[PDB]
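S.K.: Provided herewith is a single structure, encoded as structure tokens, for subsequent inquiry.
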Amino acid sequence: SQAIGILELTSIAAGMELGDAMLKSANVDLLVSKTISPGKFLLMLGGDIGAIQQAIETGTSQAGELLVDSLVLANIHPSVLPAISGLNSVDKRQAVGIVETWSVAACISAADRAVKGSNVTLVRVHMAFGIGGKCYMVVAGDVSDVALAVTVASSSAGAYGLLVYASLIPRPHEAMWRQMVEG
Amino acid sequence: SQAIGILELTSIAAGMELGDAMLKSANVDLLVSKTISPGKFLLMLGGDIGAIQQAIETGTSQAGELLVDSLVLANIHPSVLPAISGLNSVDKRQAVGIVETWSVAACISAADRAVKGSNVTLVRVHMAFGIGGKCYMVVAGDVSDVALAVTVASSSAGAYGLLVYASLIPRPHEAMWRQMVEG
Amino acid sequence: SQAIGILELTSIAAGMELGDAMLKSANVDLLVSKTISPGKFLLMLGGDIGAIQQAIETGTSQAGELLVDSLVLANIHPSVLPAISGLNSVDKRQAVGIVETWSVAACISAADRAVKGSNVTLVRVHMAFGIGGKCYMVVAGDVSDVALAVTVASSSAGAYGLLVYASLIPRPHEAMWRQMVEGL
Amino acid sequence: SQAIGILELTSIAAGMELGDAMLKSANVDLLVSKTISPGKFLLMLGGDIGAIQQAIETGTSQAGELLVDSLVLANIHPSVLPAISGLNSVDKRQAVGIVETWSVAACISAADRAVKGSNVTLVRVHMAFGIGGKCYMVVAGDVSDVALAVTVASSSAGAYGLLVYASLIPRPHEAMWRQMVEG
Amino acid sequence: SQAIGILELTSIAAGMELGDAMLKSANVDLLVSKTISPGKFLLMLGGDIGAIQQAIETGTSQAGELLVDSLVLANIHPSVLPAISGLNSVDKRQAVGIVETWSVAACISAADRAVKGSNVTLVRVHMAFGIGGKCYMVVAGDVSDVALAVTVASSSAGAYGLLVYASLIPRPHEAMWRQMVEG
Amino acid sequence: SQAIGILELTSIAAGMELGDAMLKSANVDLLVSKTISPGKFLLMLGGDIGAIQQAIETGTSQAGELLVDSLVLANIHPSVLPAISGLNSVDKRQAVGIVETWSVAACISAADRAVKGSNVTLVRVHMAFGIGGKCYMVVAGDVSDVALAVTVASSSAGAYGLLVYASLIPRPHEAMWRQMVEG
Ligand SMILES: [Cl-]
């Protein structure tokens, strides 16, 4: 189905050039394009597996020694992609679930499992710092659906030893709602 | 309300003497009285907080250097006590939740949180070995109640860094049901 | 022919969930499903190679970092499966052979070679502790068949440096027979 | 009088073979025949001193480097033998004495002095782990006889620096009686 | 009821001055007042808890940095006090029990438990050296009472890992009786 | 019965002089008399236990500091002696068993157990190098007798932790038969 491509470089100039070349190489969407401390550059792409494998191969080969890391995550639910690049909005104040992991890969995989295994809205996937640091996914919906999504996502991250913590908030206080659902 | 008292000793002779002396107090139930590999003795008591505080106080004193550890868990839901000493029967084949922790204390606290915070049956609390080793609680009910119980118990254990793993089995196979719900 | 699947996990909760999933994934029989000290969980399956490979693949992928070890032992004699889950009953009191190894894998392979290479009854395959610990297989039959089974099993285990000891008891005493053939 | 023979081996296969050979060598009774962690095997025999010395000599010589340890305990009271292999029944619910030691040898010697030095029933001798590990003996009778047995057994074990603890329970509770007198 | 007060000082001159002040502060009896190697001074008092707590408080405050240690042992059977300062006379030649411990506190507590838990005469409590060294208590009476006293005292000391040895001598020889019962 | 004596010398001259006294003793058979690298001399003797113990005493006193090692193996089956000095003939192809050990002592003891415990022909006992190095015994007969001999010899060597490997060849290839049965 859909796939995520991650490419991390030692150079910002190379990161911008390679990001540009990957977008032209296939039908891929740019999800993340940013500098990470201490001067590394991160790119995240979303699209069909074939296009993602092609874009990541183009990027990795042209990167040479500037390549920090590259990764392809296959069979990702389509709603995961706008949750990485931004938000999937929620109307009313409903139950919120937060699953915090180490690494964006564990976070994406757990979020994928949550959307496939429940009827929640995956609101956002957030990287606090880089690809190896603290990440969290936010889900919203009916309290029962959220509890199911939180359980399924926790099992996914826990199997890899990458679960930090998970919480369920049946009806967040108005002062917390915007921070949880928007950031 | 109800309380759990835990007394662990390196002496089987002291364990049996102290277990007997604890039962001299009215309204205390000896939930567990067992030998722990390689030659430790474990006593778990249930009853009113006052009786348990008294029983454990005396037990800790009189054990002296043979005392491995002692603990009092106050405000425990009454259904947790038969789940420690045996089983609360499941009279319908429904969804099962298992939460595994390090230490019996984290397991009892998470089991207590699950019964207070959802509409599940707490089937059993199992200590694989001693009070510091692997423990797990088993819950049963509708998938949505079980998802809520597993989430609430996981948050309780995770706050102490003592969560191992948690699983939800919506429709357990014939061959696994007996082992999960009875042991 | 028949195959043995072994899955060892760091988590009891994962072990029970994965045991359930493996049973639903294919036509496999649960031979062993138990906690091993200091809190590991062990699953052993029996069935056709295809079903075993499928169940073990399902289990290993879903296990992630909870996986301690996994193994598929192909072309196993059918009588080895009930000897792992329990006992194969002994027809009449005769000679007994015991082959002790390090690891259940060396023990299963040795037991399989013994049954294929002689006319003995494979009574049981016993794990004293976990999958990497002391294991032993018990065979029964005529002295000559048992000698042949013990020799063949010892060579199998010895080739891997995993043989502890092997013994042949031609006429077991009343008091030892029950322990050797049942376990007690 | 009667004697106890102990043989500990590094191999289960050798243990079963040597156990069998010792039973054929003389008129000895098999008291214990079991695996001990981490894969050692333990044999305990009872009978006449001559038969025991013969069986243990046969076993030790054939054991070679598989021998962990061997021991012969001479002049043992006959009631000690069924207390090692199982239980001696208690004719009435009465006072109980428990003497816990390091090593089965110190425990057998203390049990033997207790039976010879007082009018108690030696209920059982329990070896929690192996031969060098924690062991305990259980005696039953009237308070005075039990006090005498516990004192005599404690002095025996204490002289060798092998006494863990000793207790006297004049009136054991129903819930403890079964565990003390049966296990 | 009755209580024992222990005050240990680094100075003999301060010991004698504080001993004098404690005797004037309350209705207390001087049980022990002696130099201990390598030049420490020991004071032991007997009396009512209130008077003992008052005398020990007076002593501890005035001792300053000269204080080695101080202790108050409450609920002491009255017969323990003359057994510390001297001897309780023995009516006739019967059985003798000796319980040897590390520390005078373990010895006093074991002696107190023995008199309360049996019909023996507590003959004497002896400190071979100082408050932390080898101590022993001597009891006398019928064999059965002595066995009970020795078991109860041994359990008290053994629970704290302070039991050296305990012995029962049913019919002491003429030549040993005087040494055991008088010193 | 029969026995083997093993004498190892630092000197070839001393070894040959001692071999001469053994050749002159009518009750002692000089089985092997040869140099071992790096210039040690080896004598192997056969005879009854009395004759051997004496030959070893004669050798140990006459050699003094030139003796590297000496060993007496008692209760050796007579067929082992020609298997040490040469071969026990076997012509027609039969099943073959090989038991390999560390040390000639473990090999002789294993070979002796094989001949006593089965109807095989012990063909030869071979030392690849010296007395502490790799050795092997070769047996021939019916497959069932060979299986029994190999099992019994393996248990003998294994008990001493000196078993390398054992093999059974039911139907040897003629090109391998000559090497196994003759060397
Ligand atoms: Cl609101």
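Residue numbering restarts at 1 in every chain; chains get A, B, ... in the order shown in the structure tokens, and ligands count up from 1 in that same order.
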Would you superpose chain F on chain B, least squares on all C-alpha atoms in order, and hand back the fitted chain as a short mmCIF file (atom, residue, chain, number, x, y, z; two decimals) with C-alpha atoms, in the first residue's frame?

M.R.:
```
data_model
loop_
_atom_site.label_atom_id
_atom_site.label_comp_id
_atom_site.auth_asym_id
_atom_site.auth_seq_id
_atom_site.Cartn_x
_atom_site.Cartn_y
_atom_site.Cartn_z
CA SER F 1 -10.25 -0.10 52.85
CA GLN F 2 -8.52 -3.52 52.36
CA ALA F 3 -4.73 -3.89 52.21
CA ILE F 4 -2.04 -6.45 51.30
CA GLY F 5 0.96 -7.31 53.43
CA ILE F 6 4.01 -9.04 51.97
CA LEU F 7 6.49 -10.71 54.31
CA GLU F 8 9.61 -12.49 52.98
CA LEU F 9 11.73 -14.70 55.30
CA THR F 10 15.20 -16.24 55.03
CA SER F 11 13.92 -19.22 57.12
CA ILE F 12 11.10 -21.72 56.25
CA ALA F 13 10.74 -22.69 59.99
CA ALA F 14 10.35 -18.97 60.97
CA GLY F 15 7.97 -18.41 58.02
CA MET F 16 5.65 -21.26 59.08
CA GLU F 17 5.70 -20.13 62.74
CA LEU F 18 4.77 -16.58 61.60
CA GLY F 19 2.08 -18.01 59.26
CA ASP F 20 0.58 -19.78 62.31
CA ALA F 21 0.20 -16.45 64.25
CA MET F 22 -1.43 -14.97 61.02
CA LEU F 23 -3.86 -17.95 60.71
CA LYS F 24 -4.76 -17.40 64.43
CA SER F 25 -5.43 -13.60 63.83
CA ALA F 26 -9.13 -13.35 62.91
CA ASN F 27 -8.59 -9.88 61.21
CA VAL F 28 -5.77 -11.16 58.91
CA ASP F 29 -6.22 -13.55 55.98
CA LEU F 30 -3.21 -15.66 55.05
CA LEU F 31 -3.46 -15.46 51.23
CA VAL F 32 -0.20 -17.18 50.29
CA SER F 33 2.16 -19.18 52.54
CA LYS F 34 4.93 -20.84 50.54
CA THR F 35 8.67 -21.38 49.95
CA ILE F 36 10.45 -19.39 47.16
CA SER F 37 13.85 -20.44 45.70
CA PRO F 38 16.65 -20.58 47.00
CA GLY F 39 14.96 -21.32 50.34
CA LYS F 40 13.14 -18.10 51.28
CA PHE F 41 9.63 -18.23 52.65
CA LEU F 42 6.85 -15.92 51.54
CA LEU F 43 3.70 -14.82 53.32
CA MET F 44 1.03 -12.72 51.74
CA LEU F 45 -1.68 -11.17 53.88
CA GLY F 46 -5.04 -9.53 53.37
CA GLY F 47 -7.04 -7.35 55.78
CA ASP F 48 -7.88 -3.79 56.62
CA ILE F 49 -4.94 -1.32 56.80
CA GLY F 50 -4.83 -1.32 60.63
CA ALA F 51 -4.81 -5.18 60.77
CA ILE F 52 -2.03 -5.27 58.12
CA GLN F 53 0.31 -2.57 59.62
CA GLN F 54 0.03 -4.52 62.91
CA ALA F 55 0.60 -7.95 61.34
CA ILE F 56 3.76 -6.43 59.64
CA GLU F 57 4.95 -4.99 63.01
CA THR F 58 4.31 -8.39 64.75
CA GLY F 59 6.16 -10.17 61.88
CA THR F 60 9.10 -7.70 61.68
CA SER F 61 9.76 -7.87 65.48
CA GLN F 62 9.11 -11.69 65.83
CA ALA F 63 11.36 -12.39 62.72
CA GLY F 64 14.16 -9.88 63.37
CA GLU F 65 17.09 -10.56 61.02
CA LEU F 66 15.13 -13.39 59.33
CA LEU F 67 12.99 -10.82 57.51
CA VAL F 68 14.25 -10.31 53.88
CA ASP F 69 11.55 -7.73 53.01
CA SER F 70 8.15 -6.45 54.09
CA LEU F 71 5.62 -4.33 52.25
CA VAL F 72 2.20 -2.84 52.90
CA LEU F 73 -0.07 -1.93 49.96
CA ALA F 74 -3.01 0.15 51.19
CA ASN F 75 -6.43 0.90 49.50
CA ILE F 76 -6.72 -2.38 47.63
CA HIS F 77 -10.08 -3.34 46.10
CA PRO F 78 -11.50 -6.46 47.88
CA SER F 79 -11.63 -8.58 44.66
CA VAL F 80 -7.80 -8.44 44.41
CA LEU F 81 -7.39 -10.62 47.61
CA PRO F 82 -9.03 -13.87 46.19
CA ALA F 83 -7.13 -13.21 42.87
CA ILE F 84 -3.85 -13.38 44.87
CA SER F 85 -4.75 -16.51 46.91
CA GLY F 86 -6.36 -18.34 43.97
CA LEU F 87 -8.83 -17.50 41.23
CA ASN F 88 -12.00 -15.53 40.81
CA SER F 89 -13.97 -18.05 38.68
CA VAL F 90 -14.84 -17.45 35.05
CA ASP F 91 -16.15 -20.28 32.84
CA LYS F 92 -17.66 -19.14 29.48
CA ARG F 93 -15.18 -17.75 26.99
CA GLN F 94 -15.01 -13.91 26.98
CA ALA F 95 -12.37 -11.36 25.93
CA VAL F 96 -9.11 -11.69 27.99
CA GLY F 97 -6.52 -9.11 29.00
CA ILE F 98 -3.04 -9.85 30.38
CA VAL F 99 -0.77 -7.25 32.00
CA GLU F 100 2.76 -8.38 32.81
CA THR F 101 5.01 -6.50 35.25
CA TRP F 102 8.29 -6.76 37.17
CA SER F 103 7.39 -7.26 40.90
CA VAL F 104 4.17 -8.44 42.59
CA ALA F 105 3.68 -4.94 44.07
CA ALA F 106 3.41 -3.27 40.62
CA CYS F 107 1.10 -6.13 39.54
CA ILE F 108 -1.23 -5.77 42.60
CA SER F 109 -1.34 -1.98 42.17
CA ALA F 110 -2.10 -2.34 38.44
CA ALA F 111 -4.81 -5.04 39.13
CA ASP F 112 -6.40 -2.75 41.76
CA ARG F 113 -6.57 0.14 39.26
CA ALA F 114 -8.12 -2.20 36.60
CA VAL F 115 -10.96 -3.40 38.92
CA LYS F 116 -11.71 0.14 40.17
CA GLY F 117 -11.61 1.61 36.66
CA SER F 118 -13.68 -1.03 34.76
CA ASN F 119 -16.36 -3.78 35.12
CA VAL F 120 -14.01 -6.72 34.39
CA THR F 121 -13.53 -9.85 36.43
CA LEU F 122 -9.94 -9.88 37.82
CA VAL F 123 -9.33 -13.62 37.30
CA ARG F 124 -5.89 -13.99 38.93
CA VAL F 125 -2.65 -12.30 39.93
CA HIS F 126 0.24 -14.69 39.27
CA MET F 127 3.87 -14.60 40.52
CA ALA F 128 6.02 -16.60 38.03
CA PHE F 129 8.85 -16.73 40.69
CA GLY F 130 9.35 -14.43 43.72
CA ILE F 131 8.17 -10.93 44.72
CA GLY F 132 10.70 -9.11 42.49
CA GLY F 133 10.28 -11.33 39.41
CA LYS F 134 7.82 -11.43 36.47
CA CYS F 135 4.16 -11.22 37.51
CA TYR F 136 0.97 -10.99 35.56
CA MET F 137 -2.69 -10.27 36.10
CA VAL F 138 -5.48 -11.76 34.00
CA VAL F 139 -8.81 -9.96 33.41
CA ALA F 140 -11.94 -11.17 31.57
CA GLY F 141 -15.15 -9.50 30.37
CA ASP F 142 -16.54 -7.62 27.32
CA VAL F 143 -13.82 -6.49 24.88
CA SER F 144 -14.50 -2.78 25.73
CA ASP F 145 -14.23 -3.36 29.52
CA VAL F 146 -11.07 -5.46 29.04
CA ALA F 147 -9.53 -2.71 26.77
CA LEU F 148 -10.25 -0.18 29.51
CA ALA F 149 -8.84 -2.48 32.29
CA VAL F 150 -5.65 -3.21 30.25
CA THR F 151 -5.10 0.51 29.52
CA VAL F 152 -5.59 1.58 33.17
CA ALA F 153 -3.37 -1.31 34.51
CA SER F 154 -0.62 -0.56 31.89
CA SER F 155 -0.54 3.12 32.91
CA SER F 156 -0.29 2.12 36.60
CA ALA F 157 2.73 -0.24 35.96
CA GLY F 158 4.31 2.04 33.32
CA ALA F 159 4.38 5.01 35.74
CA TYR F 160 6.77 2.96 37.88
CA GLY F 161 8.85 1.74 34.90
CA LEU F 162 7.69 -1.80 35.75
CA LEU F 163 5.48 -2.65 32.75
CA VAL F 164 6.77 -5.58 30.67
CA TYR F 165 3.92 -5.98 28.18
CA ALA F 166 0.14 -6.03 27.99
CA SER F 167 -2.09 -7.92 25.60
CA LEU F 168 -5.78 -8.03 24.70
CA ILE F 169 -7.26 -11.24 23.19
CA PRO F 170 -10.87 -10.44 22.10
CA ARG F 171 -11.80 -14.00 21.07
CA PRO F 172 -9.47 -16.53 22.75
CA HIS F 173 -8.98 -20.01 21.24
CA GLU F 174 -10.26 -22.67 23.70
CA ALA F 175 -6.76 -24.32 23.93
CA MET F 176 -5.31 -20.98 25.26
CA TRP F 177 -8.41 -19.89 27.40
CA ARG F 178 -7.79 -22.58 30.10
CA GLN F 179 -4.12 -21.59 30.51
CA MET F 180 -4.95 -17.86 30.66
CA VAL F 181 -7.91 -18.17 33.09
CA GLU F 182 -6.71 -21.04 35.31
CA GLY F 183 -2.93 -21.43 34.80
#
```

S.K.: For residue 134 of chain C, work out the shell of residues within 7 Å, counting only C-alpha atoms and skipping chain neighbours fewer than 2 positions away, then give it as a list in words.

M.R.: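 Counting only the stated atoms, we get residues 100, 101, 102, 103, 127, 128, 129 and 136 of chain C; 39 of chain D.
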
S.K.: Can you tell me, as number ranges by chain, which residues in segment 24-141 of chain A count as strand (DSSP E) by DSSP?

M.R.: A: 28-36, 40-48, 67-76, 95-102, 121-127, 134-141

S.K.: Mind dumping the selected residues with N, CA and C atoms as a short mmCIF file (atom, residue, chain, number, x, y, z; two decimals), in the first residue's frame?

M.R.:
```cif
data_model
loop_
_atom_site.label_atom_id
_atom_site.label_comp_id
_atom_site.auth_asym_id
_atom_site.auth_seq_id
_atom_site.Cartn_x
_atom_site.Cartn_y
_atom_site.Cartn_z
N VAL A 28 6.12 11.07 -4.87
CA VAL A 28 6.30 11.06 -3.43
C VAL A 28 5.88 12.43 -2.85
N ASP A 29 5.42 12.43 -1.62
CA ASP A 29 5.05 13.65 -0.90
C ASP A 29 6.09 13.90 0.16
N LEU A 30 6.48 15.17 0.33
CA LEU A 30 7.45 15.54 1.33
C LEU A 30 6.70 15.70 2.65
N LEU A 31 7.04 14.91 3.64
CA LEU A 31 6.36 14.98 4.93
C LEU A 31 7.13 15.86 5.90
N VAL A 32 8.46 15.65 6.00
CA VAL A 32 9.37 16.35 6.92
C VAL A 32 10.61 16.74 6.18
N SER A 33 11.05 17.97 6.39
CA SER A 33 12.26 18.49 5.78
C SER A 33 12.84 19.47 6.76
N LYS A 34 13.80 19.03 7.60
CA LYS A 34 14.35 19.91 8.63
C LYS A 34 15.76 19.57 9.16
N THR A 35 16.39 20.59 9.72
CA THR A 35 17.68 20.50 10.38
C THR A 35 17.43 19.95 11.75
N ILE A 36 18.30 19.05 12.17
CA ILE A 36 18.31 18.40 13.47
C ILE A 36 19.68 18.74 14.05
N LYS A 40 22.62 18.12 11.38
CA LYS A 40 22.20 17.03 10.50
C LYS A 40 20.92 17.49 9.82
N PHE A 41 20.57 16.84 8.73
CA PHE A 41 19.35 17.20 8.02
C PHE A 41 18.48 15.97 7.84
N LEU A 42 17.20 16.11 8.08
CA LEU A 42 16.28 14.99 7.98
C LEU A 42 15.21 15.18 6.93
N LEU A 43 14.97 14.15 6.14
CA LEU A 43 13.89 14.15 5.14
C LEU A 43 12.98 12.96 5.39
N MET A 44 11.68 13.17 5.26
CA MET A 44 10.70 12.08 5.36
C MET A 44 9.75 12.20 4.21
N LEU A 45 9.55 11.09 3.51
CA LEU A 45 8.68 11.05 2.33
C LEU A 45 7.58 10.02 2.50
N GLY A 46 6.47 10.25 1.84
CA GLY A 46 5.33 9.34 1.82
C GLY A 46 4.84 9.13 0.41
N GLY A 47 4.41 7.90 0.12
CA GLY A 47 3.90 7.53 -1.20
C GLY A 47 3.83 6.04 -1.38
N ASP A 48 3.60 5.58 -2.62
CA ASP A 48 3.52 4.15 -2.95
C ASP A 48 4.90 3.51 -2.74
N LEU A 67 25.47 10.40 4.00
CA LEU A 67 24.38 9.61 4.55
C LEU A 67 24.61 9.23 6.01
N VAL A 68 23.69 9.62 6.90
CA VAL A 68 23.73 9.25 8.31
C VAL A 68 22.96 7.89 8.40
N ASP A 69 21.71 7.90 7.90
CA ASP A 69 20.82 6.74 7.92
C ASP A 69 19.70 6.90 6.90
N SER A 70 19.15 5.77 6.48
CA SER A 70 18.02 5.68 5.57
C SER A 70 17.14 4.52 5.98
N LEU A 71 15.84 4.65 5.77
CA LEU A 71 14.89 3.63 6.16
C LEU A 71 13.64 3.72 5.29
N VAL A 72 13.06 2.55 5.00
CA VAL A 72 11.82 2.42 4.27
C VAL A 72 10.86 1.62 5.15
N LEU A 73 9.70 2.20 5.44
CA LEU A 73 8.67 1.52 6.21
C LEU A 73 7.53 1.23 5.25
N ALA A 74 7.32 -0.07 4.92
CA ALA A 74 6.27 -0.54 4.01
C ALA A 74 4.94 -0.82 4.72
N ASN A 75 3.84 -0.94 3.93
CA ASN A 75 2.47 -1.27 4.38
C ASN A 75 1.99 -0.37 5.50
N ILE A 76 2.01 0.92 5.24
CA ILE A 76 1.59 1.94 6.19
C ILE A 76 0.20 2.41 5.79
N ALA A 95 -12.29 11.56 23.63
CA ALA A 95 -11.20 10.90 24.34
C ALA A 95 -9.92 10.99 23.52
N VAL A 96 -8.83 11.18 24.23
CA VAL A 96 -7.51 11.28 23.63
C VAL A 96 -6.62 10.19 24.21
N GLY A 97 -5.81 9.58 23.34
CA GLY A 97 -4.80 8.60 23.71
C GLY A 97 -3.44 9.09 23.24
N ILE A 98 -2.42 8.96 24.08
CA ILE A 98 -1.05 9.35 23.73
C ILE A 98 -0.13 8.16 23.99
N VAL A 99 0.65 7.76 22.98
CA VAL A 99 1.63 6.66 23.09
C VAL A 99 2.96 7.25 22.76
N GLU A 100 3.85 7.22 23.72
CA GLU A 100 5.19 7.77 23.61
C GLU A 100 6.20 6.64 23.46
N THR A 101 7.08 6.79 22.47
CA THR A 101 8.11 5.80 22.17
C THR A 101 9.49 6.48 22.02
N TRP A 102 10.54 5.63 21.94
CA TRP A 102 11.88 6.02 21.55
C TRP A 102 11.90 5.66 20.05
N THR A 121 -9.21 8.28 15.11
CA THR A 121 -8.59 9.22 14.23
C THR A 121 -7.16 9.33 14.76
N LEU A 122 -6.17 9.11 13.90
CA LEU A 122 -4.79 9.33 14.25
C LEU A 122 -4.61 10.83 14.00
N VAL A 123 -4.48 11.61 15.06
CA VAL A 123 -4.40 13.06 14.98
C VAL A 123 -3.04 13.52 14.49
N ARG A 124 -1.98 13.04 15.13
CA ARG A 124 -0.62 13.42 14.75
C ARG A 124 0.41 12.48 15.29
N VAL A 125 1.56 12.43 14.62
CA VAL A 125 2.77 11.72 15.02
C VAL A 125 3.80 12.84 15.19
N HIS A 126 4.36 12.96 16.38
CA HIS A 126 5.28 14.03 16.68
C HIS A 126 6.67 13.55 17.05
N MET A 127 7.71 14.09 16.41
CA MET A 127 9.11 13.84 16.82
C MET A 127 9.56 15.00 17.69
N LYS A 134 12.71 10.80 21.58
CA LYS A 134 11.32 10.69 22.03
C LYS A 134 10.33 11.09 20.92
N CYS A 135 9.37 10.21 20.65
CA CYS A 135 8.30 10.47 19.70
C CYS A 135 6.99 10.13 20.36
N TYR A 136 5.88 10.70 19.85
CA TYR A 136 4.58 10.32 20.36
C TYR A 136 3.51 10.48 19.30
N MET A 137 2.49 9.64 19.41
CA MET A 137 1.35 9.66 18.53
C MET A 137 0.15 10.01 19.41
N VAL A 138 -0.78 10.74 18.84
CA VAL A 138 -2.00 11.17 19.50
C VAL A 138 -3.16 10.60 18.69
N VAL A 139 -4.09 9.92 19.38
CA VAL A 139 -5.30 9.37 18.79
C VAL A 139 -6.50 9.99 19.47
N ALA A 140 -7.62 10.06 18.76
CA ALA A 140 -8.86 10.62 19.30
C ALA A 140 -10.08 9.85 18.80
N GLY A 141 -11.11 9.86 19.62
CA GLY A 141 -12.38 9.23 19.27
C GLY A 141 -13.14 8.81 20.50
#
```

S.K.: Using only C-alpha atoms, find each residue of chain C with at least one atom at most 8 Å away from an atom of chain A; report its shortest atom-to-atom pair and that distance in Å (one decimal), sort the rows by chain and rising residue number, and return the result as CSV.

M.R.:
```
residue,atom,partner,partner_atom,distance
C:62,CA,A:159,CA,7.6
C:63,CA,A:159,CA,6.0
C:64,CA,A:159,CA,5.2
C:65,CA,A:160,CA,4.7
C:66,CA,A:159,CA,5.7
```
